[PDB]
Amino acid sequence: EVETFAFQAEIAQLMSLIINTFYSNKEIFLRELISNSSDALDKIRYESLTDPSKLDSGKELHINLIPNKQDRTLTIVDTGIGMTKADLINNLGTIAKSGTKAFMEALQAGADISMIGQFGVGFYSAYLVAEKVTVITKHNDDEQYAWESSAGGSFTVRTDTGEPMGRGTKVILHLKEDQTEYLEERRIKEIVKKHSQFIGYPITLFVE
Ligand SMILES: CSc1nc(C)nc(N)n1
Ligand SMILES: [Mg+2]
């Protein structure tokens, strides 16, 4: 039922660097995730422009932010295009090998971790705040899958039989014990307003 894969070496190295480097401006992970969701919502809107049935699995294009203090999770949900099993395994549909290469040269040459999103690997900035990340995804062309990784060089993929989602991606951040400020409503609102003010889809911050 559960398959375990090794990260490619460059992605393991990116993740160690993210986890191990001293770097205080951790809040940017949320901008990077919301941006990835905005990109996914753009793709499904674009397909729907020529085939409206692409939206049978859900017409509303939005992002929800759901903090849960009991489980210590921040979940970002979008109703974007979702990912196939193949996309999930291939670095969550990114060109993570070459983006990691360019990001790491950029760093050597004075860049900082906040510019990670310019290299196509902003997903992995989740590991600034999360000890484990769970991604549940559903693409129109495939079943619902759950990817998961606490870093250390491996990730799992299984068919997900949790709550169906229709279409899109849900990123569940199991936060590090010292990063629970990102479950506080005013902290989340501050970061969305600071870094995500011009995203073109409604962003709903759920209350507890
Ligand atoms: C990199 S794939 C991805 N990542 C996130 C955070 N959201 C979506 N929709 N896709
Ligand atoms: Mg590549």
# chains A, B, ... in the order shown; residues from 1 in each chain; ligands from 1
>>> select_by_dssp(residues="region 38-168 of chain A", states="helix (DSSP H, G or I)", output="MDAnalysis selection string")
chainID A and resid 38:48 52:55 85:89 96:108 113:119 122:128
>>> residues_near_ligand(ligand="ligand 1", cutoff="10 Å", atoms="only C-alpha atoms and all ligand atoms", output="mmCIF file with N, CA, C and O atoms, in the first residue's frame")
data_model
loop_
_atom_site.group_PDB
_atom_site.id
_atom_site.type_symbol
_atom_site.label_atom_id
_atom_site.label_comp_id
_atom_site.auth_asym_id
_atom_site.auth_seq_id
_atom_site.Cartn_x
_atom_site.Cartn_y
_atom_site.Cartn_z
ATOM 1 N N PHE A 29 7.998 30.954 3.973
ATOM 2 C CA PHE A 29 7.522 29.649 3.429
ATOM 3 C C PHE A 29 6.075 29.857 2.975
ATOM 4 O O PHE A 29 5.549 29.131 2.075
ATOM 5 N N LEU A 30 5.348 30.759 3.682
ATOM 6 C CA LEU A 30 3.863 30.755 3.456
ATOM 7 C C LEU A 30 3.635 31.460 2.103
ATOM 8 O O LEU A 30 2.780 31.044 1.261
ATOM 9 N N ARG A 31 4.438 32.496 1.826
ATOM 10 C CA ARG A 31 4.348 33.175 0.515
ATOM 11 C C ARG A 31 4.630 32.157 -0.625
ATOM 12 O O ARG A 31 4.027 32.213 -1.744
ATOM 13 N N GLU A 32 5.633 31.323 -0.393
ATOM 14 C CA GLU A 32 6.085 30.405 -1.471
ATOM 15 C C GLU A 32 4.964 29.412 -1.704
ATOM 16 O O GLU A 32 4.729 28.983 -2.826
ATOM 17 N N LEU A 33 4.326 28.953 -0.638
ATOM 18 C CA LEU A 33 3.244 27.923 -0.844
ATOM 19 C C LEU A 33 1.985 28.503 -1.542
ATOM 20 O O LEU A 33 1.299 27.862 -2.379
ATOM 21 N N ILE A 34 1.600 29.675 -1.103
ATOM 22 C CA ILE A 34 0.499 30.331 -1.697
ATOM 23 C C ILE A 34 0.815 30.638 -3.146
ATOM 24 O O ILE A 34 -0.058 30.546 -4.053
ATOM 25 N N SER A 35 2.087 30.927 -3.444
ATOM 26 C CA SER A 35 2.418 31.196 -4.830
ATOM 27 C C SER A 35 2.313 29.939 -5.679
ATOM 28 O O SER A 35 1.840 29.989 -6.826
ATOM 29 N N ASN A 36 2.751 28.802 -5.138
ATOM 30 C CA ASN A 36 2.646 27.535 -5.862
ATOM 31 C C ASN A 36 1.134 27.248 -6.106
ATOM 32 O O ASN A 36 0.760 26.780 -7.153
ATOM 33 N N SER A 37 0.316 27.466 -5.094
ATOM 34 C CA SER A 37 -1.155 27.257 -5.252
ATOM 35 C C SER A 37 -1.719 28.201 -6.377
ATOM 36 O O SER A 37 -2.511 27.763 -7.196
ATOM 37 N N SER A 38 -1.368 29.495 -6.326
ATOM 38 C CA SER A 38 -1.755 30.427 -7.396
ATOM 39 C C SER A 38 -1.334 29.892 -8.816
ATOM 40 O O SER A 38 -2.138 29.900 -9.794
ATOM 41 N N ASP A 39 -0.075 29.451 -8.968
ATOM 42 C CA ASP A 39 0.338 28.789 -10.222
ATOM 43 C C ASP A 39 -0.539 27.602 -10.608
ATOM 44 O O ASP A 39 -0.888 27.456 -11.780
ATOM 45 N N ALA A 40 -0.897 26.740 -9.647
ATOM 46 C CA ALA A 40 -1.744 25.578 -9.963
ATOM 47 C C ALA A 40 -3.202 26.003 -10.380
ATOM 48 O O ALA A 40 -3.819 25.349 -11.220
ATOM 49 N N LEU A 41 -3.711 27.066 -9.774
ATOM 50 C CA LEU A 41 -5.042 27.557 -10.038
ATOM 51 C C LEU A 41 -4.998 28.205 -11.415
ATOM 52 O O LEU A 41 -5.925 28.024 -12.186
ATOM 53 N N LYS A 43 -3.223 27.207 -13.971
ATOM 54 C CA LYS A 43 -3.216 26.122 -14.956
ATOM 55 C C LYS A 43 -4.566 25.513 -15.229
ATOM 56 O O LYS A 43 -4.908 25.257 -16.393
ATOM 57 N N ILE A 63 -7.947 29.541 -2.470
ATOM 58 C CA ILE A 63 -6.993 29.071 -1.453
ATOM 59 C C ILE A 63 -7.490 29.250 -0.020
ATOM 60 O O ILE A 63 -7.958 30.338 0.351
ATOM 61 N N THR A 75 -2.599 24.023 7.324
ATOM 62 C CA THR A 75 -2.832 23.393 6.058
ATOM 63 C C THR A 75 -3.180 24.462 5.047
ATOM 64 O O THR A 75 -3.985 25.341 5.338
ATOM 65 N N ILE A 76 -2.561 24.371 3.882
ATOM 66 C CA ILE A 76 -2.907 25.229 2.758
ATOM 67 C C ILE A 76 -3.636 24.354 1.697
ATOM 68 O O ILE A 76 -3.043 23.395 1.121
ATOM 69 N N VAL A 77 -4.831 24.784 1.334
ATOM 70 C CA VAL A 77 -5.588 24.022 0.349
ATOM 71 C C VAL A 77 -5.855 24.895 -0.787
ATOM 72 O O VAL A 77 -6.301 26.071 -0.582
ATOM 73 N N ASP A 78 -5.752 24.323 -2.005
ATOM 74 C CA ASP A 78 -6.125 25.073 -3.215
ATOM 75 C C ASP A 78 -6.994 24.153 -4.075
ATOM 76 O O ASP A 78 -6.974 22.919 -3.874
ATOM 77 N N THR A 79 -7.770 24.740 -4.990
ATOM 78 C CA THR A 79 -8.546 23.902 -5.956
ATOM 79 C C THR A 79 -7.934 24.083 -7.351
ATOM 80 O O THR A 79 -8.646 24.240 -8.347
ATOM 81 N N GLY A 80 -6.586 24.075 -7.399
ATOM 82 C CA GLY A 80 -5.865 24.194 -8.633
ATOM 83 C C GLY A 80 -5.888 22.849 -9.358
ATOM 84 O O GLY A 80 -6.743 21.932 -9.147
ATOM 85 N N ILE A 81 -4.968 22.752 -10.280
ATOM 86 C CA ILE A 81 -4.962 21.613 -11.204
ATOM 87 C C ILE A 81 -4.589 20.305 -10.533
ATOM 88 O O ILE A 81 -4.945 19.241 -11.050
ATOM 89 N N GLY A 82 -3.937 20.334 -9.351
ATOM 90 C CA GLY A 82 -3.603 19.026 -8.725
ATOM 91 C C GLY A 82 -2.417 18.397 -9.402
ATOM 92 O O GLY A 82 -1.805 18.957 -10.322
ATOM 93 N N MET A 83 -2.022 17.233 -8.915
ATOM 94 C CA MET A 83 -0.847 16.560 -9.479
ATOM 95 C C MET A 83 -1.163 15.068 -9.643
ATOM 96 O O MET A 83 -1.884 14.456 -8.810
ATOM 97 N N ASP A 87 3.688 13.148 -11.349
ATOM 98 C CA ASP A 87 4.145 14.507 -10.978
ATOM 99 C C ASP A 87 4.662 14.461 -9.523
ATOM 100 O O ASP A 87 5.728 15.028 -9.216
ATOM 101 N N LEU A 88 3.914 13.826 -8.619
ATOM 102 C CA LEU A 88 4.278 13.810 -7.186
ATOM 103 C C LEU A 88 5.657 13.215 -7.011
ATOM 104 O O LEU A 88 6.566 13.785 -6.326
ATOM 105 N N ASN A 91 9.383 15.099 -8.047
ATOM 106 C CA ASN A 91 9.558 16.367 -7.319
ATOM 107 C C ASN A 91 8.343 17.292 -7.341
ATOM 108 O O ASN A 91 8.496 18.494 -7.488
ATOM 109 N N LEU A 92 7.140 16.734 -7.153
ATOM 110 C CA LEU A 92 5.932 17.544 -7.101
ATOM 111 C C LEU A 92 5.826 18.471 -8.342
ATOM 112 O O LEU A 92 5.499 19.645 -8.226
ATOM 113 N N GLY A 93 6.098 17.894 -9.512
ATOM 114 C CA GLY A 93 5.968 18.592 -10.810
ATOM 115 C C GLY A 93 6.962 19.740 -11.027
ATOM 116 O O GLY A 93 6.665 20.706 -11.767
ATOM 117 N N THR A 94 8.116 19.700 -10.379
ATOM 118 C CA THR A 94 9.010 20.875 -10.475
ATOM 119 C C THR A 94 10.233 20.399 -11.230
ATOM 120 O O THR A 94 10.374 19.171 -11.455
ATOM 121 N N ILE A 95 11.119 21.313 -11.594
ATOM 122 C CA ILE A 95 12.399 20.901 -12.178
ATOM 123 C C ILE A 95 13.468 21.028 -11.090
ATOM 124 O O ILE A 95 14.435 21.806 -11.176
ATOM 125 N N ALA A 96 13.258 20.272 -10.032
ATOM 126 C CA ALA A 96 13.926 20.554 -8.815
ATOM 127 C C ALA A 96 15.402 20.295 -8.954
ATOM 128 O O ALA A 96 16.217 21.011 -8.378
ATOM 129 N N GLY A 120 12.200 27.964 -8.684
ATOM 130 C CA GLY A 120 11.249 26.860 -9.009
ATOM 131 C C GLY A 120 11.158 25.744 -7.920
ATOM 132 O O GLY A 120 10.482 24.727 -8.132
ATOM 133 N N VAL A 121 11.761 25.980 -6.767
ATOM 134 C CA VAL A 121 11.807 25.013 -5.639
ATOM 135 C C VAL A 121 11.292 25.584 -4.317
ATOM 136 O O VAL A 121 11.669 25.120 -3.237
ATOM 137 N N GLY A 122 10.375 26.533 -4.414
ATOM 138 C CA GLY A 122 9.868 27.161 -3.211
ATOM 139 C C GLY A 122 9.062 26.211 -2.318
ATOM 140 O O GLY A 122 8.959 26.417 -1.096
ATOM 141 N N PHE A 123 8.448 25.202 -2.909
ATOM 142 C CA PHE A 123 7.851 24.140 -2.062
ATOM 143 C C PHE A 123 8.695 23.758 -0.869
ATOM 144 O O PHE A 123 8.168 23.577 0.261
ATOM 145 N N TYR A 124 9.999 23.520 -1.099
ATOM 146 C CA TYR A 124 10.824 22.914 -0.046
ATOM 147 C C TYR A 124 11.062 23.864 1.118
ATOM 148 O O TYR A 124 11.519 23.431 2.157
ATOM 149 N N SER A 125 10.783 25.150 0.939
ATOM 150 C CA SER A 125 10.810 26.106 2.070
ATOM 151 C C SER A 125 9.800 25.754 3.161
ATOM 152 O O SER A 125 9.901 26.265 4.300
ATOM 153 N N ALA A 126 8.870 24.813 2.870
ATOM 154 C CA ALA A 126 8.025 24.304 3.958
ATOM 155 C C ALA A 126 8.878 23.808 5.107
ATOM 156 O O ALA A 126 8.484 23.903 6.266
ATOM 157 N N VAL A 135 1.326 15.996 1.552
ATOM 158 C CA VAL A 135 0.639 16.659 0.408
ATOM 159 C C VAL A 135 -0.429 15.739 -0.145
ATOM 160 O O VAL A 135 -0.095 14.600 -0.597
ATOM 161 N N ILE A 136 -1.682 16.159 -0.089
ATOM 162 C CA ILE A 136 -2.721 15.298 -0.643
ATOM 163 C C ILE A 136 -3.110 15.987 -1.927
ATOM 164 O O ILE A 136 -3.218 17.203 -1.945
ATOM 165 N N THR A 137 -3.258 15.246 -3.020
ATOM 166 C CA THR A 137 -3.472 15.911 -4.291
ATOM 167 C C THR A 137 -4.443 15.075 -5.157
ATOM 168 O O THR A 137 -4.448 13.843 -5.069
ATOM 169 N N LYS A 138 -5.186 15.754 -6.024
ATOM 170 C CA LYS A 138 -6.093 15.062 -6.946
ATOM 171 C C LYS A 138 -6.075 15.793 -8.220
ATOM 172 O O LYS A 138 -6.509 16.996 -8.293
ATOM 173 N N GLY A 168 -7.419 19.385 -6.737
ATOM 174 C CA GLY A 168 -6.500 20.419 -6.193
ATOM 175 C C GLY A 168 -5.490 19.782 -5.250
ATOM 176 O O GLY A 168 -5.176 18.592 -5.390
ATOM 177 N N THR A 169 -4.855 20.612 -4.419
ATOM 178 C CA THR A 169 -3.767 20.136 -3.563
ATOM 179 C C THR A 169 -3.950 20.700 -2.170
ATOM 180 O O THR A 169 -4.318 21.892 -1.992
ATOM 181 N N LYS A 170 -3.591 19.867 -1.201
ATOM 182 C CA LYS A 170 -3.597 20.252 0.171
ATOM 183 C C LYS A 170 -2.231 19.957 0.743
ATOM 184 O O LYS A 170 -1.744 18.788 0.719
ATOM 185 N N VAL A 171 -1.587 21.008 1.249
ATOM 186 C CA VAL A 171 -0.266 20.846 1.899
ATOM 187 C C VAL A 171 -0.438 20.972 3.430
ATOM 188 O O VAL A 171 -0.860 22.048 3.977
ATOM 189 N N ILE A 172 -0.176 19.878 4.147
ATOM 190 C CA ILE A 172 -0.348 19.909 5.591
ATOM 191 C C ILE A 172 1.030 20.036 6.271
ATOM 192 O O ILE A 172 1.850 19.119 6.120
#
>>> select_by_dssp(residues="chain A", states="strand (DSSP E)", output="NGL selection string")
:A and (3-6 or 63-68 or 73-78 or 130-138 or 144-149 or 154-159 or 168-175 or 203-205)
>>> residues_around(residues="residue 55 (chain A)", least_positions_apart="5", cutoff="9 Å", atoms="only C-alpha atoms", output="JSON, numbers by chain")
{"A": [44, 45, 47, 48, 60, 140, 167]}
>>> write_last_selection(atoms="C-alpha atoms", output="mmCIF file, in the first residue's frame")
data_model
loop_
_atom_site.group_PDB
_atom_site.id
_atom_site.type_symbol
_atom_site.label_atom_id
_atom_site.label_comp_id
_atom_site.auth_asym_id
_atom_site.auth_seq_id
_atom_site.Cartn_x
_atom_site.Cartn_y
_atom_site.Cartn_z
ATOM 1 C CA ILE A 44 -6.688 24.738 -14.375
ATOM 2 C CA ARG A 45 -8.270 28.097 -15.295
ATOM 3 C CA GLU A 47 -7.387 24.487 -19.467
ATOM 4 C CA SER A 48 -10.962 25.383 -18.592
ATOM 5 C CA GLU A 60 -14.535 27.552 -7.408
ATOM 6 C CA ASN A 140 -8.578 15.271 -13.118
ATOM 7 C CA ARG A 167 -9.595 18.580 -7.455
#
>>> closest_residue(among="A:14, A:102, A:175, A:74", to="ligand 2", atoms="only C-alpha atoms and all ligand atoms")
A:102
>>> residues_around(residues="region 142-145 of chain A", least_positions_apart="6", cutoff="7 Å", atoms="only C-alpha atoms", output="tab-separated table (two decimals) with C-alpha atoms, in the first residue's frame")
chain	number	residue	atom	x	y	z
A	84	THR	CA	-0.69	13.07	-10.96
A	85	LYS	CA	1.14	10.29	-9.15
A	136	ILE	CA	-2.72	15.30	-0.64
A	157	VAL	CA	3.49	7.93	-1.76
A	158	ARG	CA	0.18	6.06	-1.18
A	159	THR	CA	-3.36	6.13	-2.69
A	160	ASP	CA	-5.22	8.36	-0.35
>>> residues_around(residues="residue 6 (chain A)", least_positions_apart="2", cutoff="10 Å", atoms="only C-alpha atoms", output="PyMOL selection string")
chain A and resi 4+8-9+11-12+89+151-156
>>> write_last_selection(atoms="C-alpha atoms", output="PDB file, in the first residue's frame")
ATOM      1  CA  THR A   4       9.018   4.640  -0.282  1.00  0.00           C
ATOM      2  CA  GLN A   8      17.418  12.626  -5.738  1.00  0.00           C
ATOM      3  CA  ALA A   9      20.721  13.644  -4.135  1.00  0.00           C
ATOM      4  CA  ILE A  11      16.936  17.579  -3.488  1.00  0.00           C
ATOM      5  CA  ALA A  12      18.156  15.873  -0.334  1.00  0.00           C
ATOM      6  CA  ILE A  89       7.162  11.410  -7.561  1.00  0.00           C
ATOM      7  CA  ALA A 151      13.092  14.808   5.108  1.00  0.00           C
ATOM      8  CA  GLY A 152      16.177  12.502   6.032  1.00  0.00           C
ATOM      9  CA  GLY A 153      16.412  11.489   2.347  1.00  0.00           C
ATOM     10  CA  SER A 154      13.091   9.679   1.613  1.00  0.00           C
ATOM     11  CA  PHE A 155       9.391  10.328   0.917  1.00  0.00           C
ATOM     12  CA  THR A 156       6.369   8.044   0.655  1.00  0.00           C
TER      13      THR A 156
END
>>> atom_distance(atom1="CA of residue 21 (chain A)", atom2="CA of residue 67 (chain A)")
26.0 Å
>>> atom_distance(atom1="CA of residue 5 (chain A)", atom2="CA of residue 133 (chain A)")
15.1 Å
>>> closest_residue(among="A:163, A:183, A:24, A:128", to="residue 150 (chain A)", atoms="only C-alpha atoms")
A:128
>>> closest_residue(among="A:73, A:57, A:90, A:20", to="ligand 2", atoms="only C-alpha atoms and all ligand atoms")
A:90
>>> closest_residue(among="A:53, A:111, A:119, A:105", to="ligand 2", atoms="only C-alpha atoms and all ligand atoms")
A:119
>>> closest_residue(among="A:109, A:203, A:104, A:2", to="residue 17 (chain A)", atoms="only C-alpha atoms")
A:104
>>> residues_around(residues="residue 179 (chain A)", least_positions_apart="3", cutoff="8 Å", atoms="only C-alpha atoms", output="ChimeraX atom specification")
/A:129-130,175-176,182
>>> write_last_selection(atoms="C-alpha atoms", output="PDB file, in the first residue's frame")
ATOM      1  CA  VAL A 129       8.860  25.486   9.763  1.00  0.00           C
ATOM      2  CA  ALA A 130       7.592  21.865   9.401  1.00  0.00           C
ATOM      3  CA  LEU A 175       4.968  22.382  12.493  1.00  0.00           C
ATOM      4  CA  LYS A 176       8.144  22.226  14.593  1.00  0.00           C
ATOM      5  CA  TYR A 182       2.246  30.369  12.322  1.00  0.00           C
TER       6      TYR A 182
END
>>> residues_around(residues="residue 25 (chain A)", least_positions_apart="3", cutoff="9 Å", atoms="only C-alpha atoms", output="list in words")
residues 28, 113 and 114 of chain A
>>> atom_distance(atom1="CA of residue 127 (chain A)", atom2="CA of residue 27 (chain A)")
11.3 Å
>>> closest_residue(among="A:10, A:190, A:208, A:56", to="ligand 2", atoms="only C-alpha atoms and all ligand atoms")
A:10
